[PDB]
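Content type CSV, N, CA and C atoms, from the file protein.csv:
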```csv
chain,number,residue,atom,x,y,z
A,1,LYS,N,5.6,-6.1,-16.6
A,1,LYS,CA,5.6,-6.5,-15.2
A,1,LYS,C,4.5,-5.8,-14.3
A,2,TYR,N,4.2,-4.6,-14.5
A,2,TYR,CA,3.3,-3.8,-13.5
A,2,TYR,C,2.0,-3.3,-14.2
A,3,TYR,N,1.7,-3.7,-15.4
A,3,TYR,CA,0.7,-3.0,-16.3
A,3,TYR,C,-0.8,-3.2,-15.9
A,4,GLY,N,-1.2,-4.1,-15.1
A,4,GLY,CA,-2.6,-4.5,-15.0
A,4,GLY,C,-3.0,-5.3,-13.8
A,5,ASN,N,-4.1,-6.1,-13.9
A,5,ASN,CA,-4.8,-6.7,-12.7
A,5,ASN,C,-4.0,-7.5,-11.8
A,6,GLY,N,-3.3,-8.6,-12.2
A,6,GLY,CA,-2.7,-9.6,-11.3
A,6,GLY,C,-1.2,-9.9,-11.6
A,7,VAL,N,-0.7,-9.2,-12.7
A,7,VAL,CA,0.6,-9.5,-13.3
A,7,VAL,C,1.8,-9.4,-12.4
A,8,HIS,N,2.0,-8.3,-11.7
A,8,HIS,CA,3.1,-7.9,-10.7
A,8,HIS,C,3.1,-9.0,-9.5
A,9,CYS,N,4.0,-10.0,-9.6
A,9,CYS,CA,4.0,-11.0,-8.6
A,9,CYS,C,5.4,-11.4,-8.2
A,10,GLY,N,6.0,-10.7,-7.1
A,10,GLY,CA,5.5,-9.7,-6.3
A,10,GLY,C,4.8,-10.2,-5.1
A,11,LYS,N,5.5,-10.4,-4.0
A,11,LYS,CA,5.1,-10.8,-2.6
A,11,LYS,C,4.4,-12.2,-2.5
A,12,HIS,N,4.3,-12.9,-3.6
A,12,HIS,CA,3.6,-14.2,-3.8
A,12,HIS,C,2.1,-14.2,-3.8
A,13,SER,N,1.5,-13.2,-3.1
A,13,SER,CA,0.1,-12.8,-3.1
A,13,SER,C,-0.3,-12.1,-4.4
A,14,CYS,N,0.7,-11.7,-5.2
A,14,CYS,CA,0.6,-10.8,-6.4
A,14,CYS,C,0.0,-9.4,-6.1
A,15,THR,N,0.8,-8.6,-5.5
A,15,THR,CA,0.6,-7.4,-4.7
A,15,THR,C,-0.4,-6.3,-5.2
A,16,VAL,N,-1.0,-6.4,-6.4
A,16,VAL,CA,-1.8,-5.4,-7.1
A,16,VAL,C,-1.1,-4.1,-7.4
A,17,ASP,N,-1.5,-3.4,-8.5
A,17,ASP,CA,-0.8,-2.2,-9.0
A,17,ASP,C,-0.8,-1.0,-8.0
A,18,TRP,N,-1.5,-1.1,-6.9
A,18,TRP,CA,-1.5,-0.1,-5.8
A,18,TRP,C,-0.4,-0.4,-4.7
A,19,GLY,N,0.3,-1.5,-4.8
A,19,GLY,CA,1.2,-2.1,-3.8
A,19,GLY,C,1.8,-1.2,-2.8
A,20,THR,N,2.8,-0.4,-3.1
A,20,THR,CA,3.6,0.4,-2.2
A,20,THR,C,2.8,1.5,-1.5
A,21,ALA,N,1.7,2.1,-2.1
A,21,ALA,CA,0.8,3.0,-1.5
A,21,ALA,C,0.0,2.4,-0.4
A,22,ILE,N,-0.6,1.3,-0.7
A,22,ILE,CA,-1.4,0.5,0.3
A,22,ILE,C,-0.4,0.0,1.4
A,23,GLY,N,0.9,-0.4,1.1
A,23,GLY,CA,1.9,-0.6,2.1
A,23,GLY,C,2.2,0.5,3.1
A,24,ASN,N,2.4,1.7,2.6
A,24,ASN,CA,2.6,2.9,3.4
A,24,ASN,C,1.4,3.3,4.3
A,25,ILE,N,0.2,3.2,3.7
A,25,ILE,CA,-1.1,3.3,4.3
A,25,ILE,C,-1.3,2.3,5.5
A,26,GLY,N,-1.1,1.0,5.3
A,26,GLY,CA,-1.2,0.0,6.3
A,26,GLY,C,-0.2,0.2,7.4
A,27,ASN,N,1.0,0.5,7.1
A,27,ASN,CA,2.1,0.8,8.1
A,27,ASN,C,1.7,2.0,9.0
A,28,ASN,N,1.3,3.2,8.4
A,28,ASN,CA,1.0,4.3,9.3
A,28,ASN,C,-0.4,4.2,10.0
A,29,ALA,N,-1.3,3.3,9.4
A,29,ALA,CA,-2.5,2.9,10.2
A,29,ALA,C,-2.2,2.3,11.5
A,30,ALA,N,-1.3,1.3,11.5
A,30,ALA,CA,-0.8,0.6,12.7
A,30,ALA,C,0.0,1.6,13.6
A,31,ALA,N,0.8,2.5,13.0
A,31,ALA,CA,1.7,3.4,13.8
A,31,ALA,C,1.0,4.6,14.5
A,32,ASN,N,0.0,5.2,13.8
A,32,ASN,CA,-0.5,6.5,14.1
A,32,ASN,C,-2.0,6.6,14.2
A,33,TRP,N,-2.8,5.7,13.6
A,33,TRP,CA,-4.3,5.8,13.7
A,33,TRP,C,-4.9,5.7,15.1
A,34,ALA,N,-4.2,5.4,16.1
A,34,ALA,CA,-4.6,5.6,17.5
A,34,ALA,C,-4.9,7.0,17.8
A,35,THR,N,-4.3,8.0,17.1
A,35,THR,CA,-4.6,9.4,17.2
A,35,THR,C,-5.8,9.9,16.3
A,36,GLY,N,-6.3,9.0,15.5
A,36,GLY,CA,-7.2,9.3,14.4
A,36,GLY,C,-6.4,9.7,13.1
A,37,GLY,N,-5.1,9.5,13.0
A,37,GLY,CA,-4.2,9.8,11.9
A,37,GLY,C,-3.8,11.3,11.9
A,38,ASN,N,-3.4,11.8,13.1
A,38,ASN,CA,-3.0,13.2,13.3
A,38,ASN,C,-1.8,13.7,12.5
A,39,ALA,N,-0.9,12.8,12.1
A,39,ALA,CA,0.1,13.0,11.1
A,39,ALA,C,-0.3,12.3,9.8
A,40,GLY,N,-0.7,11.0,9.9
A,40,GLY,CA,-1.2,10.2,8.8
A,40,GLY,C,-0.1,9.4,8.0
A,41,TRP,N,-0.6,8.7,6.9
A,41,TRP,CA,0.2,8.1,5.8
A,41,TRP,C,0.8,9.2,4.9
A,42,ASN,N,1.5,8.8,3.8
A,42,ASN,CA,2.2,9.6,2.8
A,42,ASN,C,1.4,10.9,2.4
A,43,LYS,N,1.8,12.1,3.0
A,43,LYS,CA,1.2,13.4,2.8
A,43,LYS,C,1.4,14.0,1.4
```
For the structure just supplied, provide its representation as structure tokens.
Amino acid sequence: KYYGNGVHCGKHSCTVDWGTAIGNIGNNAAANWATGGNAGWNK
């Protein structure tokens, strides 16, 4: 399911093996990067 390039599909876009990390990143970019990321994404 998760082993390589495009396999994990997975949000219909086929979310890439980085999926949930890039999810948390993009979420806290929208929430907190107005401060420059003073708290940031997953610490």
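We find atom N of residue A:37 and atom CA of residue A:25 to be spaced 11.4 Å apart.
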Exercise. From the list A:15, A:32, A:42, A:24, which residue is nearest residue A:1 when using only C-alpha atoms?
Worked result: A:15
Exercise. How would you write, as a ChimeraX atom specification, the set of residues in chain A that DSSP gives as alpha helix (DSSP H)?
Worked result: /A:19-32
